[PDB]
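Here are the chains, one letter per residue:
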Amino acid sequence: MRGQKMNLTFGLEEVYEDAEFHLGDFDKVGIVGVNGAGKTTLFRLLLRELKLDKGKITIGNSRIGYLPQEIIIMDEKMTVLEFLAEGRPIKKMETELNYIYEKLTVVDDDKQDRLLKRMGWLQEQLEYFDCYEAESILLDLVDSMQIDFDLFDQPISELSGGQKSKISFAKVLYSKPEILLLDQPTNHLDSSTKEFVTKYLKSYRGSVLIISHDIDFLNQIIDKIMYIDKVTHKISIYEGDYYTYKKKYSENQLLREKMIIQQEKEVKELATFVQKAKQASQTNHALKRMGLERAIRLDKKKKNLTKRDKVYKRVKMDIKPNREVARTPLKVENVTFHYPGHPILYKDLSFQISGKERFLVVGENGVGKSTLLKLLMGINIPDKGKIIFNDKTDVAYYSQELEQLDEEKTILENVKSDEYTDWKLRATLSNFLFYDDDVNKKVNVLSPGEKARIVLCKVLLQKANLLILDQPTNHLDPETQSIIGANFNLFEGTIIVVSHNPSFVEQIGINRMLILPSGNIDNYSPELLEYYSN
Amino acid sequence: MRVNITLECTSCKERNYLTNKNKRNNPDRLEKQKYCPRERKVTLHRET
RNA sequence: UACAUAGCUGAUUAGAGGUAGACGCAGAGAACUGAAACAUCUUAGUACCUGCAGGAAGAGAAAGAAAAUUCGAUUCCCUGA
RNA sequence: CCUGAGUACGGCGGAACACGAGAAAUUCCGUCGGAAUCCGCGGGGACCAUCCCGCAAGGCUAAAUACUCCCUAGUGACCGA
RNA sequence: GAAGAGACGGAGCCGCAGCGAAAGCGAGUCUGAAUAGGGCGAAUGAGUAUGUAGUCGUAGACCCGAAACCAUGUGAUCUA
RNA sequence: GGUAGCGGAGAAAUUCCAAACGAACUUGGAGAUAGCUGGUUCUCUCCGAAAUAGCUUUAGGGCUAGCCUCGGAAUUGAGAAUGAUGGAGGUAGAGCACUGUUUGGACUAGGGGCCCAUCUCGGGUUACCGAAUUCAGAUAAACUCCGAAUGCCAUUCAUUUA
RNA sequence: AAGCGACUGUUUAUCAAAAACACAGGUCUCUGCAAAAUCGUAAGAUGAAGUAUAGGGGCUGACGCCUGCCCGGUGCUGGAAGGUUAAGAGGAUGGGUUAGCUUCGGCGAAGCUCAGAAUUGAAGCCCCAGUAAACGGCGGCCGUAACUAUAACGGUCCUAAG
RNA sequence: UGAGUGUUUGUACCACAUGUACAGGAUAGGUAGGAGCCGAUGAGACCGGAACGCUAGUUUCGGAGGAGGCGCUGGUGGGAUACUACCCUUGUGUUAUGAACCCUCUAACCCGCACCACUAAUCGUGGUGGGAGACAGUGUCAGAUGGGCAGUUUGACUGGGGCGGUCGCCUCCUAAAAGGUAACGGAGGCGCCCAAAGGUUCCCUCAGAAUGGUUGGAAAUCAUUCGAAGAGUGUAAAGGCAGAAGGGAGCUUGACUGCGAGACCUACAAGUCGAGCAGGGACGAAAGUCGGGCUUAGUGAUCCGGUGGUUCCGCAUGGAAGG
RNA sequence: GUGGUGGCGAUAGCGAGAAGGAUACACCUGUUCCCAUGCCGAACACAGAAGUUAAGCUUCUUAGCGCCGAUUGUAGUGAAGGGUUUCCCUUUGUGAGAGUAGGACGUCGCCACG
RNA sequence: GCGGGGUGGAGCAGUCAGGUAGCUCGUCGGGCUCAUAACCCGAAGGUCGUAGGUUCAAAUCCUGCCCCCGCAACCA
RNA sequence: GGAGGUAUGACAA
Ligand SMILES: Nc1ncnc2c1ncn2[C@@H]1O[C@H](COP(=O)(O)OP(=O)(O)OP(=O)(O)O)[C@@H](O)[C@H]1O
Ligand SMILES: Nc1ncnc2c1ncn2[C@@H]1O[C@H](COP(=O)(O)OP(=O)(O)OP(=O)(O)O)[C@@H](O)[C@H]1O
Ligand SMILES: [K+]
Ligand SMILES: [K+]
Ligand SMILES: [K+]
Ligand SMILES: [K+]
Ligand SMILES: [K+]
Ligand SMILES: [K+]
Ligand SMILES: [K+]
Ligand SMILES: [K+]
Ligand SMILES: [K+]
Ligand SMILES: [K+]
Ligand SMILES: [K+]
Ligand SMILES: [K+]
Ligand SMILES: [K+]
Ligand SMILES: [K+]
Ligand SMILES: [K+]
Ligand SMILES: [K+]
Ligand SMILES: [K+]
Ligand SMILES: [K+]
Ligand SMILES: [K+]
Ligand SMILES: [K+]
Ligand SMILES: [K+]
Ligand SMILES: [K+]
Ligand SMILES: [K+]
Ligand SMILES: [K+]
Ligand SMILES: [K+]
Ligand SMILES: [K+]
Ligand SMILES: [K+]
Ligand SMILES: [K+]
Ligand SMILES: [K+]
Ligand SMILES: [K+]
Ligand SMILES: [K+]
Ligand SMILES: [K+]
Ligand SMILES: [K+]
Ligand SMILES: [K+]
Ligand SMILES: [K+]
Ligand SMILES: [Mg+2]
Ligand SMILES: [Mg+2]
Ligand SMILES: [Mg+2]
Ligand SMILES: [Mg+2]
Ligand SMILES: [Mg+2]
Ligand SMILES: [Mg+2]
Ligand SMILES: [Mg+2]
Ligand SMILES: [Mg+2]
Ligand SMILES: [Mg+2]
Ligand SMILES: [Mg+2]
Ligand SMILES: [Mg+2]
Ligand SMILES: [Mg+2]
Ligand SMILES: [Mg+2]
Ligand SMILES: [Mg+2]
Ligand SMILES: [Mg+2]
Ligand SMILES: [Mg+2]
Ligand SMILES: [Mg+2]
Ligand SMILES: [Mg+2]
Ligand SMILES: [Mg+2]
Ligand SMILES: [Mg+2]
Ligand SMILES: [Mg+2]
Ligand SMILES: [Mg+2]
Ligand SMILES: [Mg+2]
Ligand SMILES: [Mg+2]
Ligand SMILES: [Mg+2]
Ligand SMILES: [Mg+2]
Ligand SMILES: [Mg+2]
Ligand SMILES: [Mg+2]
Ligand SMILES: [Mg+2]
Ligand SMILES: [Mg+2]
Ligand SMILES: [Mg+2]
Ligand SMILES: [Mg+2]
Ligand SMILES: [Mg+2]
Ligand SMILES: [Zn+2]
């Protein structure tokens, strides 16, 4: 993998400017960058989905296993087995091969040469992708992540976010690839599932490029770290782990900063002398002469004076509730719910939040965490029981899968609210790093991370006193995650949160944790690990 | 930002026309129905 | 230092130096000047210096010129321009 | 069986070819690397194939050519203190 | 051949065809999709060898004049 | 006796190195170069400038054009002068129709302090200050409702001329 | 009686004899000997037939009392993890040619050939520390006491230090 | 410029070991052959050791003993059983090694060390020790540093020169009613902008003032009247435009291709305008308009280089390189 | 007489007043129709003929404004001269602007209905 | 003419690179103290010199204007 | 029991 003079500019906002990178074979490369840096775009170039405006991107002929950042569900009714089976080209070739046979009967002596060649390639290709895979896939689920077979016959769209990530990850492995392009492979996974992925990737003998915002996950796997710069629009490749990249990077910007300081001092020195000559008497010929001579040096300095790159601005969140919380924001009493045709998730579930409380809904993948939150909002109607919100409680919902955005509309159109004027919307969008005509961009072209900011901005603009957040730190770059956690910690309201990120929950400072599926309203503590272990 | 640009004929890949556009006002590649002298007929020309 | 060799002695041999302020070959090799400035370039491989010469020197008997199909060492003059 | 080896040639750095590295052959110098040998080798202006021409890395060779310090005999719309 | 004229020597040069960057075509040719227009040409012809004079180019180039630059040499009998 | 010029020597002054040293002297390149100064030699005849435009590391230089001279070709004679006729243009002058500058008068929105009334609400006042309007009066290179004399362009025109 | 220079000396032969140079003394720094330094392409010399109490270089200039603050910048000295970096080594890939295949198509082995990335690659530079008798540098604004002035004193900005 | 040691590494053979997913007799690497094969050259079964191990077992070593097993066959599975070959993963070693470093060696090279001879000799050349040593020195190439040294550059206008200002382009006044016309004369602008703020068809007419009118005020939006331009015309000024060039809507891309009689301007190079012809279009019923924008600034010669196209050339020829 | 449609510098206009609809033109009645209003059949579009000259429109009166504008004189000025020469004057030719006498409430055509 | 500055009472940030008016001292009120100082707790104090543009949005960008400071305003 | 060592506060009253 090699790229030379890479250039890419979508409209007015550019991604790569004379960027270059060389990746040696058998390198577990960790791709790192802020949201929007262009990490996903790099894979699209490797997959030939995109074409560089200028420059050459060179890829090896080996087969590539691509794990998209977003799950590709062509149809809602697709079953898990259908989704996985599509990983291999067995089905596609057979449909083509079956047609070839039909043509052979119809055509006698005209197209036989072309048909025979096509049939031969399909047979050779089919045997190359040995048709015994039908059995191998069935057991790949068992050995991979303990994926139950009941899911195997279920529509994929109905799976949980963590479950979908397992299926998508398994599909990549099912394809039997030669180069691994993993785009956030652990976005929704729980702690246990992440362990399997880490171990497999450590053992994987081939090249694997990983786009991840999990530093610890990368450190265990990565041997080479590729940093996509958002301000310089360039690529830099370091040897080592995430920390090594930060150490090397922080030093380079420090050494660059000191260079710019000294160049400014020399310019100021000349400038100061030029001014002294400029204001001297016209009768002081020698000083006037020297002033013009130094004016020439000053001009040449100012033309070779390196510009300091504008440090990328970090998100600023100020979430405040309009109204005040009550002692009983939310009442859940004897609530039972089951998805038609599936086991009851919880029976007679009853809890009561206190107000300005950090309430954590703990659990594992596919246990009902997101179902419970959907239950509170009203998306799901409880099979039994009642859910009562105090009249003082305003609720803001952050869905897990980013289902609250219109892909067709623009950023500004999405955030449009009856309670906010235009400039008010722009100011907040600037706090979320959407500057000027960046707000007229269609939501369909944004990255998952940039979309997550829009959803958060919608939550902020509500000014609700109860925050129902379902994995808020998902898709966010590590810097933005800490800002999110720190600001929520200071939030003066009740927070119902779900998060598989240990760091984020620590910053928020959880008070009570609700374990699933075994309903257990408990005081928050390092005993969370005990429930996870058990 | 206003920049000079070239309109290439889609049919023949011929860079027939030179023009200019404001990137901010027209982020997407400009497309016009212009006469292609090589093909001697109107064709779709897209910026490159 | 043993054989030797080196040194030393003798005999034998052929060089030294000068020109014709010319001509030839070679080593080394400027600057003013021109470019309307100036560094690449030009003056110029010139002036100067040094070596070797001969009456001439140098070159010369194709691992060539060509592609009319062919020519048949070298040198010099006309022409190509 | 013989037909010129640390050679031809190549990299690097210079130089000579009208040709200033240029697409640049051809020739030479220094340094390093470094062939084939008749089914072989070189050249025909990068390079390759075909075709044509030639046979390097050894030597010698008169004449046509350059010059006149001198000697002999003359010449001049050359000088005339 | 007298340091001559002259004789031989037709290799070569100029002119008799131009247009186009070039392939190329030719009283035309180039541009152009074009029998269009337009450009340059032909229609609408005089050249060439030599003498002479004017002017120009290369040469010191109408004559005299630097401060200087460069390359061999000669100078410490004054003076340090 | 030694140190020699791309140098020497210097208790240091650019000081000395054969009577002038910010780089000795002599010969050669060499007739260096000099957009600079000086000089450039007989006669008569015909005609006779320019000191301007443009560009220029250009400004006391140069190039093209303009102006002079010599020869030639050709024309529906195209030049000059004057007249007749027709036109383009905004100057002198003048004017205020616009735009600026501006004087006095009338009226006045409005603004100023005085008191009553103050919830500062309404007066009544300075021949208080006063926009706009209006009357009268000026003013203009970068004002014009107007507008010459002249000059200019042109005419198959006329007369004279070349 | 004052300035300058401690002093005797030296200097612009030929407009300057001096406060200029030298000087003894001070200090810094280089130099372990085929020393450093210098002349020279080299050989060979001086240094020195000397050896750190010696030799070279910079500054200051008897003697007496003293010689404050700043190592941020520039030099020098030391450091060696990291970044950057030449030739050379290396040779993944991509062109040119064509034996051969080929569905006008087009593909294409070997050889030769034109380019060539990864990787490797010293010093230096960046970086860290020290060094001022190394090159150098050595601040502002506002307010305060019993008349008034002034400010011992108080704020605050800047700097490597004021 | 040559020997070794060791270390860390890259390569290549050669030995070794390893292959357990579901089913499957069970630890099934792939392919090919395979009915037959192996064992008194010590088989089966048994026992101990060791290894691997997915914990199920597999491999190997040995004690005794002595003759046997395995395969085919059979069912499983996608794949079948022995054994052979070709190999393929994984991790052990041997060898060949190639590098990087490590020191050690000695014979090259070096000695302004000692002694010996040439020999009168502080030169030199040899000889013997000693020291050092593949370093150093030297050659070629490369980076760094390098006023120590060298060749040069370091504007012009200008009420002298300096300082300040200016240098190209557009508009006005100066400018003397054609055009042109200077000053370091008086004023300003430009180095763009517009995907409509372009084209076309259709449609519309402004600024202000008075009166009335919730929030609402001098002044937001609304209505009548008065209103010839006192508005607007992207952007300076002048000229022009209300038969619009100002404003709105629909459709569009003529902000076209090849040109171009003839004009203006002009030292040249350039600059400006252009009916009209053809090709193929936009709008409109048609007429007809359209080769950008109300007009006049919004720009830069050549050389050199980049990208794209091309029936052009291609140094014997075909290509190519390069034009 | 009216309605279309043009030429000519508004001497054609504007303001004010008066008269007329027989036809014609208009207002005028409606929105089902093609068609339409960034809302509105107001407008545009279409259908239609109950009423009215009220307005527009036509004709007529008026010089209030606007417009046109002779002559005389003057400013300037070409040419030729002068002076006491930043200016001024004379001869000759030309001659405004302003201010006025006055002009003028249009004229010249074609069509269709009368 | 050349520069530097106008942000709460004072000294300063912010400004380059448009989104949110801060830091130090001070003032006011209340605490602590026998009282004062220090200290502790609350509060006030600017729409960024001013007027216009640019922008969805200006302390920030553009133009002008007014103030304050240093310098210059002439050389043989 | 003894001995040598290890922040501010006029003045008078
Ligand atoms: N078709 C597009 N049009 C306009 N902008 C685009 C388009 N595609 C991508 N961009 C921009 O490219 C930028 C970077 O691309 P990319 O989506 O790969 O970022 P990312 O690092 O992968 O995001 P994240 O890490 O949060 O998943 C995005 O901010 C996105 O706004
Ligand atoms: N619309 C649905 N239809 C049918 N079954 C569903 C549906 N949604 C969820 N399920 C099932 O509910 C179970 C849990 O629901 P839920 O989406 O809340 O999982 P979760 O707690 O969010 O897990 P995680 O977020 O970690 O992936 C899943 O197994 C999932 O298969
Ligand atoms: K001679
Ligand atoms: K020269
Ligand atoms: K010159
Ligand atoms: K010879
Ligand atoms: K060459
Ligand atoms: K040849
Ligand atoms: K040959
Ligand atoms: K033609
Ligand atoms: K023609
Ligand atoms: K003749
Ligand atoms: K002649
Ligand atoms: K001469
Ligand atoms: K001459
Ligand atoms: K002497
Ligand atoms: K002296
Ligand atoms: K006026
Ligand atoms: K005027
Ligand atoms: K002295
Ligand atoms: K002294
Ligand atoms: K003293
Ligand atoms: K004296
Ligand atoms: K002296
Ligand atoms: K002292
Ligand atoms: K000293
Ligand atoms: K010093
Ligand atoms: K001393
Ligand atoms: K310092
Ligand atoms: K320092
Ligand atoms: K090949
Ligand atoms: K060596
Ligand atoms: K003067
Ligand atoms: K339009
Ligand atoms: K109606
Ligand atoms: K009426
Ligand atoms: K009238
Ligand atoms: Mg992404
Ligand atoms: Mg969930
Ligand atoms: Mg020159
Ligand atoms: Mg002889
Ligand atoms: Mg040459
Ligand atoms: Mg060589
Ligand atoms: Mg060759
Ligand atoms: Mg032959
Ligand atoms: Mg001869
Ligand atoms: Mg004589
Ligand atoms: Mg005589
Ligand atoms: Mg001598
Ligand atoms: Mg002597
Ligand atoms: Mg001096
Ligand atoms: Mg002398
Ligand atoms: Mg010469
Ligand atoms: Mg005469
Ligand atoms: Mg006047
Ligand atoms: Mg003295
Ligand atoms: Mg004395
Ligand atoms: Mg003297
Ligand atoms: Mg004297
Ligand atoms: Mg001194
Ligand atoms: Mg110099
Ligand atoms: Mg020179
Ligand atoms: Mg000058
Ligand atoms: Mg002056
Ligand atoms: Mg004029
Ligand atoms: Mg005139
Ligand atoms: Mg317009
Ligand atoms: Mg060829
Ligand atoms: Mg050839
Ligand atoms: Mg009149
Ligand atoms: Zn085309």
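These residue numbers run from 1 along each chain by written sequence and may not equal the entry numbers. Residues without coordinates are not shown. The order in which chains are written sets their letters, starting at A; the order in which ligands are written sets their numbers, starting at 1. Shown here is a subset of chains from a larger assembly, with all values computed for this subset only. Side-chain metrics in this entry use all non-hydrogen atoms of the structure; hydrogen atoms and water are not considered.

As recorded in the entry header, the structure was determined using cryo-EM to a resolution of 2.9 Å.

Under the PDB entry, chain B has the name 50S ribosomal protein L33 3 and belongs to Enterococcus faecalis. In its PDB record the entry is named "PoxtA-EQ2 antibiotic resistance ABCF bound to E. faecalis 70S ribosome, state I". Annotation of chain B in UniProt includes, under Sequence similarities, the sentence "Belongs to the bacterial ribosomal protein bL33 family." UniProt positions are given in the numbering used here, feature names are shortened, and annotations may be inferred rather than shown by experiment.

As recorded in the PDB entry, chain A goes by ARE-ABC-F family resistance factor PoxtA and comes from Enterococcus faecalis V583.

## Topic: the pattern of salt bridges
All names here are of chain A. Definition used for salt bridges: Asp or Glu carboxyl oxygen within 4 Å of a side-chain nitrogen of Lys or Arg. Applying the stated rule across the entire model yields 25 salt bridges over all chains. A salt bridge links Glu13 to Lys230; the shortest N-O distance between them is 3.8 Å. On the criterion of sequence distance, the pair formed by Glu13 in strand β2 (residues 13-22) and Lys230 in the loop between β8 (224-228) and β9 (235-239) is long-range, its members being 217 residues apart. Owing to a relative accessible area of 25%, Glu13 belongs among the partly exposed residues under this scheme. The helix count covers DSSP runs of H or I at least four residues long, the strand count covers runs of E at least two residues long, and both are numbered beginning at the N terminus. Residue exposure (1.4 Å probe, protein chains only): buried if accessible area is under 20% of the type maximum, exposed if over 50%, otherwise partly exposed.

## Re a nonpolar patch on the surface
All names here are of chain A. Patch membership needs two things, relative accessible area over 30% and no salt bridge, and members are linked within 9 Å if like-charged or within 5 Å if nonpolar (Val, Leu, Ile, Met, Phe, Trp, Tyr). Note on areas: Shrake-Rupley with a 1.4 Å probe; residue coverage comes only from the protein chains shown. A cluster of nonpolar residues, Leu138, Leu139, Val142 and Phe149, forms a patch on the protein surface that exposes about 330 Å² of accessible area. Within the secondary structure, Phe149 is located in the loop between α5 (133-145) and α6 (161-174). Classification of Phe149 as partly exposed rests on a relative accessible area of 39%.

## Overview of the coordination of the magnesium ion (ligand 39)
Residues and elements named next belong to chain A. The donor set comprises N, O and S atoms within 2.8 Å of the metal, extended to 3.2 Å for Na, K and Ca; water molecules are omitted, so apparent gaps in a site may simply reflect that omission. Within the protein, the atoms that donate to the magnesium ion (ligand 39) are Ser370 (OG) and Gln400 (OE1), at distances of 1.8 to 1.9 Å. Residue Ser370 is found in helix α11 (residues 369-377), and its partner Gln400 is found in the loop between β14 (395-398) and α12 (411-415); the two are separated by 30 residues along the sequence. Looking at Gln400, the relative accessible area reads 10%, which means it is buried.

## Some details on the site of ligand 1
Residues and elements named next belong to chain A. Taken together, 19 residues lie around ligand 1, and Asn35, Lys39, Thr41, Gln69 and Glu450 are the ones closest in. Contacts described as polar in this section are N or O atom pairs within 3.5 Å, which, within protein, must combine one atom able to donate a hydrogen with one able to accept it, while residues neighboring in sequence count only if both atoms come from side chains. A distance of 3.2 Å separates an oxygen atom of ligand 1 from a polar atom in the backbone of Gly449. In the complex, 88% of the free accessible area of ligand 1, which totals 640 Å², lies under the protein chains. Secondary-structure elements contributing two or more residues to the shell around ligand 1 are α1 (39-46) and α14 (448-462). In this classification, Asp, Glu, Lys and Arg are treated as charged, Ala, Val, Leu, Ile, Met, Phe, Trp, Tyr, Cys and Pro as nonpolar, and every other residue, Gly included, as polar. Across the shell around ligand 1, the residue classes tally to six nonpolar, nine polar and four charged. Being near a molecule or strand, for a residue, means having at least one of its heavy atoms within 4 Å of it.

## Let's talk about the protein's contact with RNA strand H
Taken together, 26 residues surround RNA strand H, and among them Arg2(B), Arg15(B), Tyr17(B), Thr19(B) and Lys34(B) come closest. Backbone atoms, meaning sugar and phosphate, form 68% of the atoms of RNA strand H found within 4 Å of the protein. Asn20(B) has a polar backbone atom sitting 3.4 Å from a base nitrogen of RNA strand H. Between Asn26(B) and RNA strand H, the recorded distance is 2.9 Å, taken from a side-chain N or O atom to a sugar or linking oxygen. Among the secondary structure elements, those contributing two or more residues to the surface near RNA strand H are α5 and α10 (285-303) of chain A together with β2 (15-22) and β3 (31-36) of chain B. Considering every element that reaches the surface near RNA strand H, the biggest residue donor is β2(B), with five residues. Within the surface near RNA strand H, the residues separate by chemical class into eight nonpolar, eight polar and ten charged.

## Side note on the layout of surface pockets
Residue and element names in this part refer to chain A. Grid points spaced at 1 Å over the protein atoms alone were grouped into cavities, where a 1.4 Å probe fits but cannot get out, and pockets, open sets with protein on both sides within 12 Å along at least five of seven lines, with lining residues defined by an atom within 4 Å of a point. Grid points are joined across faces, edges and corners, and a volume is the space filled by probe spheres set on the points. Size it by volume and the second largest pocket reaches roughly 1,300 Å³. Along its surface, the second largest pocket is lined by 50 residues, and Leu159, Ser160, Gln163, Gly366 and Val367 are the ones closest to its centre. At the level of elements, α5, α6, α7 (191-203) and α11 are the ones that each hand at least two residues to the lining of the second largest pocket. The leading source of residues in the lining of the second largest pocket is α6, at six residues. By residue class, the composition of the lining of the second largest pocket is 14 nonpolar, 24 polar and twelve charged.

## Some points on the side chain of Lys21(B)
All names here are of chain B. Here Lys21 is to be found in strand β2. From its side chain, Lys21 meets the backbone oxygen of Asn26 in a polar contact 2.5 Å long. Residue contacts are counted whenever heavy atoms from the two residues lie within 4.5 Å of one another. Beyond its immediate sequence surroundings of up to four residues, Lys21 is in contact with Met1, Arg2, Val3, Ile5, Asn26, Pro27, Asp28, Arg29, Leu30 and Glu47.

## Points about the site of ligand 2
All names here are of chain A. Around ligand 2 there are 18 residues in total, and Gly162, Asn365, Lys369, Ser370 and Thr371 lie nearest to it. Between ligand 2 and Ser160 there is a distance of 2.9 Å, counted from an oxygen atom to a side-chain nitrogen or oxygen. Take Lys369: an N or O atom from its main chain is 2.4 Å from an oxygen atom of ligand 2. Computed on the free molecule, ligand 2 has an accessible area of 630 Å², of which 87% lies beneath the protein chains in the complex. Assignment to a cavity or pocket requires that more than half of a molecule's atoms be within 2 Å of the site's grid points. Taken atom by atom, the bulk of ligand 2 overlaps the second largest pocket. A breakdown of the residues in the shell around ligand 2 according to their chemical character gives two nonpolar, 13 polar and three charged.

## A few points about the packing of helix α3 (residues 90-106) of chain A against helix α4 (residues 112-128) of chain A
Residue and element names in this part refer to chain A. Whenever a helix is involved, its axis is fitted only over the stretch in contact; in every case the axis is a line through C-alpha atoms, and angles between N-to-C directions fall within 0 to 180 degrees. As a packed pair, α3 and α4 sit with axes 10 Å apart at the nearest point and diverge in direction by 150°. As the angle between them shows, α3 and α4 are arranged roughly antiparallel. By crossing handedness, the relation of α3 to α4 is classed as left-handed. Note on element contacts: α4 touches α3 through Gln112, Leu115, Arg118, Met119, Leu122, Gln123, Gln125 and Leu126, opposite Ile90, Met93, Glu94, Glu96, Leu97, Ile100, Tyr101, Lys103 and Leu104. Taken together, the residues of the contact of α3 with α4 break down into ten nonpolar, three polar and four charged. Every angle not falling under 35 degrees, over 145, or within 65 to 115 is termed oblique; those three ranges are roughly parallel, roughly antiparallel and roughly perpendicular. We call a crossing left-handed when the near helix sits turned anticlockwise from the far one by less than a right angle, and right-handed when that turn is clockwise.

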